[PDB]
There are 4 protein chains.
Amino acid sequence: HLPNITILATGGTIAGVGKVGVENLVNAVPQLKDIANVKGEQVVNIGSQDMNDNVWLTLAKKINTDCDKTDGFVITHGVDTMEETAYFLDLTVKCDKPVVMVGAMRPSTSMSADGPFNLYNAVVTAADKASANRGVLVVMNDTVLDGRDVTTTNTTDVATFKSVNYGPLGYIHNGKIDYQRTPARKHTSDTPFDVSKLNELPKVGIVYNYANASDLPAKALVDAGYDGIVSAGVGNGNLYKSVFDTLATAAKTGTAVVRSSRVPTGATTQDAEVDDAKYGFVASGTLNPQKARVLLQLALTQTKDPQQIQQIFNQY
Amino acid sequence: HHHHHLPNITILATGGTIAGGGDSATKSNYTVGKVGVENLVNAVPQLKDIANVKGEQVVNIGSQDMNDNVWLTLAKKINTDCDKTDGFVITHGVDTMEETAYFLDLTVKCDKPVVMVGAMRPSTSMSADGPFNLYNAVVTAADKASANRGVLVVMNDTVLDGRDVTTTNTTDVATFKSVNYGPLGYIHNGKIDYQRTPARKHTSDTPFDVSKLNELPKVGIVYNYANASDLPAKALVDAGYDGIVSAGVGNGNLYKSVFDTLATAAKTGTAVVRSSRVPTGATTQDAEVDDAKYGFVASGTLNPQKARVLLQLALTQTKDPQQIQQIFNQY
Amino acid sequence: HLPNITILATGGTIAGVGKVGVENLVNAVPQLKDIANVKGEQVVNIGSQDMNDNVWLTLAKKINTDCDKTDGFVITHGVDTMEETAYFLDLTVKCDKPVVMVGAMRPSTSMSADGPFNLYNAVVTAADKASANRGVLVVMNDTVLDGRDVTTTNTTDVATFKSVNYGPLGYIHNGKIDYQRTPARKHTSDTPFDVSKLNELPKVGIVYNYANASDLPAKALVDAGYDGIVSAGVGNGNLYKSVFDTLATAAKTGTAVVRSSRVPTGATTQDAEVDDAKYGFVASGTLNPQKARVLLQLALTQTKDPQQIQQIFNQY
Amino acid sequence: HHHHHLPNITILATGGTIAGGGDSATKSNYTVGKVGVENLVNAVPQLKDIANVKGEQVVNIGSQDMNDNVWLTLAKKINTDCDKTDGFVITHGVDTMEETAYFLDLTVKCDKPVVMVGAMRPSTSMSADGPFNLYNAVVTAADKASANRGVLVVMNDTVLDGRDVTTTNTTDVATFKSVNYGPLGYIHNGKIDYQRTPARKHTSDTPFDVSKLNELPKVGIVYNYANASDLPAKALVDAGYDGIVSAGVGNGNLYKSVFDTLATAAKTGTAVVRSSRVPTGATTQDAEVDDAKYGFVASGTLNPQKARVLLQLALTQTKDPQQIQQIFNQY
Ligand SMILES: NC(=O)C[C@H](N)C(=O)O
Ligand SMILES: NC(=O)C[C@H](N)C(=O)O
Ligand SMILES: NC(=O)C[C@H](N)C(=O)O
Ligand SMILES: NC(=O)C[C@H](N)C(=O)O
Ligand SMILES: [Mg+2]
Ligand SMILES: [Mg+2]
């Protein structure tokens with residue numbers, strides 16, 4: 001009569017980076033036995049700054065295969081790219097049981113280390129039946145956050161993770177969650193992305209805009225035949241002239257182009273300064289560049305047509 | 001008896017959505033840098049209550065196309081014309097305002113106020129924000145208390161320092177905030193209560209002298225993410241870039257491929273600054289990267305585009321990584 | 001084939017305060033004709049700092065009676081207590097057609113006045129069929145906010161209104177709304193509060209906590225036989241000792257007592273420092289003191305039992 | 001040769017959740033001011049690396065029960081013991097920390113650092129925040145650069161000035177922020193980069209001298225909302241209160257009943273300060289209230305509880321509304 005919860009470990013400073021094994025992490029929080037029967041599996045043990053497509057595909061297939069063997073999943077992970085992995089799993093996971101990602105800003109051995117209570121709260125969330133069907137979740141700093149909107153907002157603050165556009169789903173207090181929101185964007189088993197038989201993802205890179213931006217990064221991606229390029233635009237997804245010329249070319253030359261923004265909140269919109277339809281570009285909406293990459297890679301497993309890509313960007 | 005005299009304020013116009021226009025008041029489509037400075041001034045009839053305004057159109061572009069030559073033209077003009085006026089307002093686009101503001105913060109030697117201003121809605125839109133913003137920027141440039149605070153950005157009733165200020169939202173009129181150390185002052189009824197001033201050295205306290213420069217050192221920016229390509233970094237290194245700024249993940253970390261390329265580059269004398277794609281907080285020393293070992297510099301609270309500004313200026317004085325680190329600790 | 005939209009005007013600086021009539025407000029935004037057929041009715045013309053129970057009851061009955069005559073409602077109102085009126089209507093309105101509140105930080109005649117585009121955007125929201133069944137809404141600064149969580153965060157900023165705990169429902173760009181959230185708390189026709197035949201509300205006052213707080217405010221409410229007292233507590237709804245003693249007494253003497261917090265975000269929780277069950281107190285959750293008053297007044301039309309009041313505070 | 005010497009730092013303990021305890025590491029129930037200062041110090045073994053720490057238990061309460069007499073005891077103690085130590089940390093509850101911090105900001109004359117610190121989780125909870133907060137507060141009190149910045153609050157790796165600092169969330173360890181003008185500095189690896197200092201007069205630049213005072217003037221706070229009762233205001237007026245602070249709606253506005261009672265009061269010599277229940281921004285002059293006419297004072301960015309602090313101190317010098325307004329413009 002306690003839930004069966006699986007911890008899939010990937011590394012991160014919660015395990016510091018990526019040094020301590022999943023068994024040690026579990027054993028260091030003996031109160032986990034008050035709330036669940038926890039089984040731990042080591043996927044990788046890396047800093048999430050070196051996170052990659054192979055790990056993503058591994059996690060998605062593992063969760064999908066092992067869904068009916070457990071009541072919920074907790075994924076221990078680095079902070080740096082937690083928001084990218086959360087969103088990838090948000091779109092590719094077909095288990096509608098809770099999938100909860102957790103990290104830590106401080107290691108196990110630092111004063112006032114945040115990882116133990118973080119993990120406790122992540123298991124609370126994975127064990128709550130109300131957590132189901134809300135898509136892939138990130139639990140940090142007593143807060144339950146959806147995988148699409150969650151992002152890291154500060155380089156060192158324990159309270160870094162926030163859903164900056166649409167806000168959190170619930171707060172955790174005394175091992176209980178008052179959920180007041182759920183993501184409306186289609187997730188998990190409401191998406192067509194199916195990664196079960198894929199061993200690589202389409203090649204998508206990210207270029208930065210700023211004053212006097214060089215076009216050389218964008219050119220190097222075009223020259224390598226990248227499947228897609230996300231622009232981290234200025235303001236409402238705008239492009240420096242040199243970058244705009246190279247991306248205009250890419251989009252008529254077999255590279256899907258998504259305009260996102262370096263600006264940390266708000267949508268990159270259509271109908272502003274850029275005629276997306278004319279250039280064949282897709283506007284990313286509230287997806288930031290790293291998140292837009294995620295969805296563009298997945299869109300590219302279904303289609304190369306920019307009109308169909310924009311439609312994906314409007315639904316997921 | 002004495003007579004009140006209004007300060008002389010010069011508007012240097014560069015374009016931006018503040019000078020943007022579209023064919024409907026109620027649709028979001030517009031084109032930028034289309035309206036001249038005279039039109040802007042005459043849309044704020046009340047400016048005569050507070051200053052004698054003169055405008056000059058320096059260029060008329062979207063700030064998405066801001067570039068080194070416009071930066072050099074502005075700094076030189078302000079430094080040359082200092083004695084001719086009581087203060088400057090610069091009308092500018094939002095997109096790269098935080099870059100131009102910091103460049104000018106480090107290169108203007110005039111110690112009269114320099115205030116930048118823009119708008120999130122075009123001049124043609126319903127409830128356009130540009131008119132009162134411009135009025136507020138003139139208030140600020142005319143205020144004796146505004147002097148010696150460095151170059152300023154005024155937007156949404158708030159006076160922000162050019163170092164910390166950044167745009168936080170793609171569309172919101174409240175977008176501009178000093179996200180680490182906060183604003184200098186708030187404006188109500190044409191009056192400012194200043195409660196802060198930036199401690200970092202600016203303006204006539206920096207060594208950066210652009211008066212004779214006709215170009216700036218080449219500095220590129222590369223982004224980090226999961227499975228990040230090393231191709232952008234390599235392209236910058238193949239082109240002989242003087243510097244590269246890394247938009248790192250978390251506290252300025254790098255994907256291993258990117259790290260490898262930049263370490264190699266730094267050993268051949270490319271300056272490499274670690275910054276962060278994360279929108280607030282410092283990229284610190286003494287975290288996961290041994291900067292001393294690789295010859296890297298940590299950007300502190302400077303975001304990637306701002307670190308590029310200081311790196312380009314740093315490279316005009318020195319190519320030594322320890323001396324560049326000290327610059328990033330002082331300015 | 002454009003929606004029929006009714007503007008119910010109450011005053012505020014949008015009409016500055018409370019001086020200009022609803023007809024003038026409408027006529028000043030001739031682009032409203034592009035999106036709706038707008039009919040205006042004047043309810044009152046007051047600064048919302050003088051908002052009161054009679055106006056609330058008027059609005060609720062007017063909307064409920066006139067529901068089937070129109071496609072949506074826009075309510076022009078002052079900023080100062082917009083969050084209280086929004087929440088009252090959120091709980092008492094039985095029309096599930098859009099009800100949208102709007103104000104302005106600057107008058108009609110000030111430079112860059114915010115009221116015209118505010119009103120335009122509020123009519124856009126009231127005319128969108130997707131706006132229906134999300135409860136009573138506040139539209140300010142291109143943002144659609146639920147009436148329960150919305151509050152004013154700054155004394156003068158045009159961007160003051162924010163849903164500080166759970167975030168907005170959607171952003172408005174180019175006359176279109178991308179809704180990604182809806183309130184989970186029960187609203188409008190999912191609440192039992194029925195105000196149709198009520199001409200007054202239970203008497204509920206608010207006392208402030210701080211260092212060395214006087215108990216005299218709380219005593220004056222008890223001495224007048226108030227139906228309820230909301231505490232604006234310190235931190236997690238805590239009470240200064242003198243105030244705590246007087247409120248302990250009130251709760252065993254015929255006055256319902258709700259602990260809220262002066263702190264602008266986060267829940268006033270049970271199971272912290274205060275034994276609510278023992279003192280007969282109710283914890284307000286994320287409802288701030290003025291919002292907790294709203295719900296406590298309505299709870300008092302159904303019940304005086306603190307256990308039943310806490311249950312109301314956990315559902316609405 | 002020379003030897004490193006560690007600064008002498010005094011911990012004045014007052015209680016708070018930092019000294020709180022509960023029977024489980026994982027339940028939220030706790031009771032406050034239960035654990036003595038010695039226990040706190042010994043839970044941070046690394047404090048010896050940075051200071052010679054001495055603790056004194058001044059009182060042991062929840063800050064929800066903070067009061068004038070504790071404020072007087074603290075200020076007098078700090079001012080008396082200044083020469084005996086290199087800096088002070090005050091362990092304190094969160095709930096009213098922003099009030100005590102501003103009181104001390106206006107009454108300490110010691111110009112060695114005074115740093116307040118607390119915790120959002122009790123000392124017994126999993127991942128308790130108190131230990132590193134205390135470590136960080138000692139870092140800050142030991143840092144020469146911390147002097148002459150006024151009284152400070154250190155929480156969540158951030159150094160905040162006692163005037164602007166407030167608690168923003170009921171439970172979050174990140175709750176403390178300077179919501180109008182931002183923090184002074186951030187702490188990483190035991191080091192602070194200070195980029196701001198408060199312009200408002202504090203400490204030895206104020207006239208407020210509490211050395212001989214054994215009480216403070218009586219100042220109450222009343223809240224405004226729709227249909228607000230005048231009974232609280234009247235109760236304060238019936239008790240002969242020296243001052244009343246209004247927690248107004250929006251920009252410090254009052255419900256008409258409340259307005260009537262306070263106007264009447266002010267005409268009989270009660271000091272009335274308009275503040276706001278809204279969590280950020282100034283209560284300004286020159287808005288909907290004619291303050292001159294009624295003899296009211298506008299609080300600026302001071303929230304109601306902070307305005308009470310300055311009003312009580314103001315009332316020790318003057319009962320004149322124009323002179324009280326000038327105090328609220330300067331401190
Ligand atoms: N706090 C952390 O987890 C940062 C670490 N670099 C990681 O992302 O793996
Ligand atoms: N709001 C704006 O000004 C955006 C415009 N693209 C600019 O930066 O010039
Ligand atoms: N901006 C405003 O609407 C404030 C005005 N006092 C009101 O609430 O009616
Ligand atoms: N977090 C805390 O310290 C709350 C406690 N009631 C106090 O203020 O003493
Ligand atoms: Mg004359
Ligand atoms: Mg010796």
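We name chains A, B, ... by the order of the sequence lines, and we start the count at 1 in each one.
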**Message:** Exactly one of C/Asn154, C/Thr152, C/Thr151, C/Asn141 should register a side chain to side chain donor-acceptor pair (under 3.5 Å) with C/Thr160. Which one does?
**Reply:** C/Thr152
Let's test your reading of the structure: which of [options] forms the most heavy-atom pairs below 4.5 Å with chain D?
{"options": "C/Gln270, C/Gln49, C/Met105, C/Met82", "value": "C/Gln49"}
{"options": "C/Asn52, C/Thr265, C/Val79", "value": "C/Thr265"}
{"options": "C/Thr153, C/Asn238, C/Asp157", "value": "C/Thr153"}

**Prompt:** For C/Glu84, is it the side chain, the backbone, both or neither that has a heavy atom under 4.5 Å from a heavy atom of chain D?
**Reply:** side chain
Residue [X] versus chain C: region with a heavy atom under 4.5 Å:
{"X": "D/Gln312", "value": "neither"}
{"X": "D/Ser276", "value": "side chain"}
{"X": "D/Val309", "value": "neither"}

Under a 4.5 Å heavy-atom cutoff, which of [options] has the most pairs with chain C?
{"options": "D/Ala239, D/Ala247, D/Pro304", "value": "D/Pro304"}
{"options": "D/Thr171, D/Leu254, D/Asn224", "value": "D/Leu254"}
{"options": "D/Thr96, D/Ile221, D/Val258", "value": "D/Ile221"}

**Request:** If a pair satisfies salt bridge (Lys or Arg N to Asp or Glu O under 4.0 Å) and one of its residues is in residues 242-260 of chain D, list it, with sequence neighbours excluded.
**Result:** none
**Asked** Between D/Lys27 and C/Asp271, is the closest basic N to carboxylate O distance under 4.0 Å?
**Response** no
**Request:** Run the salt-bridge test on C/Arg293 and C/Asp53 with the 4.0 Å N-O cut-off and return the result as yes or no.
**Result:** yes
**Message:** Sort by residue number and list every residue of residues 212-219 of chain C having at least one heavy atom under 4.5 Å from chain D.
**Reply:** C/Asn212, C/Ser214, C/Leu216, C/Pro217
**Message:** If I take atom CD from residue D/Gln305 and atom OG1 from residue D/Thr100, how far apart are they, to the nearest 0.5 angstrom?
**Reply:** 11.5 Å
**Item:** Results of salt bridge (charged side-chain N to carboxylate O under 4.0 Å, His left out) for D/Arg163 - residues two or more places apart only
**Value:** none
**Asked** Are there more than 12 heavy atoms of other residues, nucleotides or ligands under 6.0 Å from atom CG of D/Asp290?
**Response** yes
**Message:** Take a 6.0 Å sphere around NZ of D/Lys34 and say whether it holds more than 12 heavy atoms from other residues, nucleotides or ligands.
**Reply:** no
**Message:** Whether the D/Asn29 and C/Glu273 side chains hold a donor-acceptor pair (N or O, under 3.5 Å, no angle test) is what I'd like checked.
**Reply:** no
**Asked** Is a side-chain donor-acceptor pair under 3.5 Å present for C/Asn236 with C/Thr269?
**Response** yes
**Prompt:** With sequence neighbours left out, which residue pairs that include part of residues 220-261 of chain D fulfil the ring-ring contact (aromatic ring centres under 6.0 Å, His included) condition?
**Reply:** C/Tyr208-D/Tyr223, D/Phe259-D/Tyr294, D/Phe259-D/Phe296
